[PDB]
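Reviewing the structure listed below.
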Ligand code: NI
Ligand code: NI
Ligand code: NI
Ligand code: NI
Ligand SMILES: [O-]
Ligand SMILES: [O-]
């Protein structure tokens, strides 16, 4: 018995060599390998394979190699590969990637992926499955931002803020022990993973360090609090002792130094450079040169991603409104013109494509969109394919190399940068089961189902009064993982080792899973998956032209993007 | 002083011999008896009876025969009777049905129904009061389904699921110890009573039983997990040891047996037969014959209720879409034609009317409507009055016999079937105060107020910014019983005796009231109130015609129903 | 009014349909959610009118054509489902391949 | 806009009224929630127009008649109440027996 | 439809704009939230039409004039901001001093 | 260049199911008066008693059809089906309780099948 490839893909999802279009982009991913045994595919329903004595084992108790959940026939898109497998979850973690079912009667069953009495089933046939997005530039301004993030496949928010206070509206900072304690308690109600940044400012160690001991997961250095050589130095001395990451928004004004002064203060220590292009902040005009250095973990924020015909008009006005700048005050116009630069925004598209900028992030509600990190990653990759062609590394006419380079920017690389990649950031055995299912037609636009700690937290689903769940209106809705005390077991609060050792969770009555931040200080650009390029970036101080290896990096802005007006009601 | 009967009913609600129309149906209920003393009726407001030294006692402390709540002048509709009384609540339970007030000055006060300093008042004059509905076929797919259920007077949800996973979308199953623990924690946030079903599938006892010990309240056998003789047998062996109920959705495909094989596996043990007509699932075409047997507790699900001109077109297409069936694959068409049968749907209306099907249920979001169990019960009773006439048992031109037969189907009978009728399912002294107030014009359509454990949980109420609560927009809203920690005291989590003995509530930190499932294994069809008929049901395998006592059971589908377009905006 | 949860949600469908119909009237090719909203509201208004489930399964295939919508939208919409109150109570309508 | 909770809710009344008015325009006899929505929106638009509470108590009895609504609807509606911002601030309007 | 949270919220703006436009059509001088709703919906419909951010910064200053709104409303509105999906993705429009 | 969002471009070729396993064709009759549908992965000897076939030829086997599909027998219908071999450990538990162990125990499986009235024990 043979099945042609069209019929096979329609029934089980695609297999080896098959390609899938990502939404309405020009990007194609190809199945690299498949863990199945043809004829023994797992599936669930009437007369289907996962039934007692058949593909479901009726003998084994839960402890005996049985799963709590099997995702059947997933097309995984991850830094580790683009491939077809079943995904097995147990105790909220990914325990097996391979082939699930019943070793009684099936060949090729992964030994700890038994479908038993204890196993729930999610059908992933025809879906793309990715890790949950890791957003490391979150301003906590408006709690309505959490559902926005979940709807675009984001499962971890790292950043700071106390709500719509001016410090929080400008900076990813929860300042001091008391504000950190209050926001750790607030976090008990947020259905997403969270880590909190303290204020990376001070000239004495104790005021900074007491934030880490209070339960901060890292620090933010921001020019609005004084991005001085002293604040940079003390923050990195604290970070090196505490094993947490430091993010920086540098001195745009060059008030106490130029970029070379900020790099001298850093003194070779590991740092996460936020919005490294500089529209979102940093030494005018040359901050993006940070992305060449081996001790810098460089991210973009999303409103410059990718370079479009409305970008400059939008950004110049946004900057003038947000800074209360006057069109008739020449210092204000000079400042805006020094900060919003088509030359560095166009080069930023290309530096993403070359693997020189390693990460994406939002800048949610400060200068960025909580629900567009994943969206704009793929719009950038699509624009670069259309302007620069398939990368030299591609084969088979697929965009797999580009797809692994770009998926890494919002999954594994932020997790490595933050010291949380032991828990989240990729679809690997032993990591927390934060998984996003996508219909390919909606890939990177609207998540189908968001799994948090092995339970669905968020889903596009219809009328709750209907006979079945698909009738209109189909909209993003919080699911049972967010309800009651299950919100505690499905989400992680990431905290410093010192706050955990000092018992802060018990002191504050935190019931969430507690994740430990670690292995942040040892890493560098070389540890960024698919995005590990170091090079001398030259930014001309007169023309703002960007050069790498003697070549000007420039591209045109586009008039239209995929993943845009086909999908959105507004 | 005499009051004519029109004026009396307008002031105090109806009294002995008075009739009330149920919504816009042709059904009339008649007041059978009245506990009042004429002239000493309780009422609350300016210059009214329940004032200190008058109808309110000013002497007694709460412990001294005083109520926490008095519902004044209720028209009770219950399996126990259709009658007028005051209802007294204390400690969240119904403690008195009779006459409330002050024995200082009033005749005929029920001794434990004193209105005192501690007593709240709900005016029920002109309202019909019923027990909260007990829905025993709930798929936990979308948490928005809880308000849908409350708005139509449902107060208990028994079933299973983990959200919109395929196992849960098909089957009322929360599988295994870990998924059960996670959903018991989720339940802490659901403002309704809950019991969770485990997977009734396995060939070894231990994988099934460990679900009961983890906190399941029962099991579900579903053909999508293999409704085999082995799974049936093991599930009933577990149920007999654990004192919990088993629900079955049998082998529609007749793959491992016909109906007689499923009955042989059951071997005379008590079982709850879900959607017994079979459109919702079961041995094709003759599953409804289950409803004749003395060890079967038979329920309908609601989309076949009652038989209408759009039913077959709707159901054939729903089945084809949900099973991914193709109109041009003759096996798919043959399967659909074997499962969706006007002959068995028309007979199901009549078997309800004859007391041969004992229960209603939803099948919420799998093949049924979360908010239409009560609605469709009364539409069925109205259709049967219009097609079959008043039942022989009626007197006075009232429909009281039919009203007690039909109210039993969604109140007391599901509660008896599930082993929870010591706590819920009827308006009786000693049971939990889950009470639904209905305006007669909205009876069975939209609940006025839903009381959960003696506190209002849900109400049709207006503008929260207004001087008074009645201005538009009047809509269903969660009330203070759902807020903060009061959600714990107003709702019951029903669990197995073994999980309770093993301390599962303390292990998981459950704060809800814990109800014990018991006395499930001793009962049969004879224990179904007003619906206790056993008989030989013959289903012709060639024509699908249904015969009882040598007579074909058939009726016409109707073009219009009451409780429909007069009421609903969509 | 006594709105239940479904009545409150389904007002949104009507509103989205009105928005989409104004976009169509000023000459725009409609997108995915616009097209879904128009066909969904059509089904629920048809039920209100007292049409049968069978009539609406037929009519729903003729509400929008290929040239009313953007490239790819016809192939994105495999079917549109709505529940509404017919004269004989709530029923499910599924319109298969509504835009050819 | 600075919408408060009441402003957000009361948009729903206007929307339900627009839905009901389209149903009436295509010849349907209106049901209970349709009739309530039309009369309620009329009151709130009247307040916006600067009518008095007394004018709206009168006018609200003439917005829909028996032959605009289904059997039984007139007897289901004992009164319709709305609060709206008059020129002299929020006031309550009750229309008694709006449909004879 | 697959509505995300922003799509669900922004339906409210369109609805408030429709309400305000009916008030303007029957001769009322518009208030603060009415004026904001009309200009906001205009921006989001303009993006849907495929106008540029620069075109909408210009046009948004000519949607309502002083004589369309109540005393003080022009001076209450320093700027109106909206995000919408342009052909090149979401962009922010700020209309400065929209009513002179 | 028309874009269908999320479309597949499948590779050339065909997928062979149950490759390398022995195939067996047998005749099967539904002697009952109600339809019987049999899934791809049920141990074939343990199907409905009223299916008449050489029960020995179902031992250690299942239908050679795509995973998750089924064969349908209308009342009175006789037809040929193709079986493939069970894999993994070649053990069956539960279902009709005819095996509960190795499929190699053919005499014990057939003795149980004959005692319980599974048609075609020869
Ligand atoms: Ni910044
Ligand atoms: Ni920021
Ligand atoms: Ni079922
Ligand atoms: Ni069900
Ligand atoms: O920022
Ligand atoms: O079901």
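Points to keep in mind about this one:
- Residues that are within 14 Å of ligand 5 (Cβ to nearest atom), in a loop (DSSP other than H, G, I, E, B), away from every other protein chain (no Cβ under 14 Å) and over 15 Å from residue A:222 (Cα atoms) do not occur anywhere in segment A:278-287.
- On inspection, residue A:224 passes the criterion of being surrounded by fewer than 17 Cβ atoms within 10 Å (Cβ to Cβ), within 16 Å of ligand 2 (Cβ to nearest atom) and assigned by CATH to the domain that holds residue A:175.
- Residue list for segment B:432-468, restricted to those being more than 10 Å from chain D (Cβ to nearest Cβ) and out of contact with any helix residue (DSSP H, G or I) (no Cβ under 9 Å at 6 or more places or on another chain): B:432, B:433, B:434, B:435, B:437, B:438, B:440, B:449, B:459, B:461
- Of the residues making up segment B:204-244, those that are more than 30 Å from residue F:33 (Cα to Cα) and within 16 Å of ligand 6 (Cβ to nearest atom) are B:218, B:219.
- Of the residues in segment B:350-369, not one is within 27 Å of residue B:147 (Cα to Cα), in a helix (DSSP H, G or I) and away from ligand 1 (no atom under 16 Å from the Cβ).
- Qualifying positions in segment A:58-75 - within 8 Å of another protein chain (Cβ to nearest Cβ) and assigned to a loop (DSSP other than H, G, I, E, B): A:58, A:59, A:60, A:61, A:62, A:68
- Across segment A:158-175, the qualifying residues are those that are surrounded by 22 or more Cβ atoms within 10 Å (Cβ to Cβ) and touching a residue at least 60 places away in the same chain (Cβ under 8 Å), and the one among them that is farthest from the chain's Cα centre (by Cα) is A:171.
- Hey, residue A:47 surrounded by 24 or more Cβ atoms within 10 Å (Cβ to Cβ), within 7 Å of another protein chain (Cβ to nearest Cβ) and touching a strand residue (DSSP E or B) at 6+ places or on another chain (Cβ under 6 Å) or not: yes
- Whether a residue is within 23 Å of residue B:567 (Cβ to Cβ), surrounded by fewer than 18 Cβ atoms within 10 Å (Cβ to Cβ), within 15 Å of the chain's Cα centre (by Cα) and free of Cβ contacts under 8 Å to residues at least 40 places away in the same chain was assessed, and residue D:96 passes this test.
- Residues located in segment A:219-248, provided they are touching a residue at least 40 places away in the same chain (Cβ under 8 Å) and in a helix (DSSP H, G or I): A:223, A:224, A:225, A:239, A:240, A:242
- Pick from segment A:550-570, criterion over 30 Å from residue E:5 (Cα atoms) and touching a residue at least 40 places away in the same chain (Cβ under 8 Å), ranking: nearest to the other protein chains (Cβ to nearest Cβ): A:556
- Search result, residues across segment C:47-75 that are under 20 Å from residue A:468 (Cβ atoms) and surrounded by 21 or more Cβ atoms within 10 Å (Cβ to Cβ): C:47, C:53, C:56, C:60
- Residue within segment B:76-96 that is surrounded by fewer than 24 Cβ atoms within 10 Å (Cβ to Cβ), in contact with a helix residue (DSSP H, G or I) (Cβ under 9 Å, 6 or more places away or on another chain) and within 14 Å of another protein chain (Cβ to nearest Cβ) present: no
- Screening segment A:142-218 for helices (runs of 4 or more DSSP H) wholly inside it with 1 or more residues that are within 16 Å of ligand 5 (Cβ to nearest atom) and either within 14 Å of another protein chain (Cβ to nearest Cβ) or closer than 28 Å to residue A:459 by Cβ (or both) returns the ranges A:145-151.
- Matching residues in segment C:2-47 - criterion: being over 23 Å from residue E:87 (Cβ atoms), more than 11 Å from chain A (Cβ to nearest Cβ) and touching a strand residue (DSSP E or B) at 6+ places or on another chain (Cβ under 7 Å): C:2, C:3, C:47
- Matching strands (runs of 3 or more DSSP E) fully within segment F:10-122 where at least 3 residues are more than 14 Å from chain B (Cβ to nearest Cβ) and in contact (Cβ under 8 Å) with a residue 60 or more places away in the chain: F:78-85
- Within segment A:108-139, the set of residues being under 30 Å from residue A:363 (Cβ atoms), more than 14 Å from chain B (Cβ to nearest Cβ) and part of a loop (DSSP other than H, G, I, E, B) comprises just one member, A:132.
- Only one of B:152, B:142 that is under 30 Å from residue A:481 (Cβ atoms), away from ligand 4 (no atom under 16 Å from the Cβ) and within 24 Å of the chain's Cα centre (by Cα): B:152
- Condition met for residue B:502 (more than 30 Å from residue B:286 (Cα to Cα) and within 14 Å of another protein chain (Cβ to nearest Cβ)): no
- Selection within segment D:59-77 - in contact with a strand residue (DSSP E or B) (Cβ under 9 Å, 6 or more places away or on another chain), more than 10 Å from every other protein chain (Cβ to nearest Cβ) and part of a helix (DSSP H, G or I): D:59, D:60, D:61, D:68
What is reported rests on the model, the rules as stated and the sources as named; nothing here is a laboratory result. Heads up, the Cβs are rebuilt from the backbone with ideal geometry, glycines too, and the neighbour counts pull from every protein chain shown.
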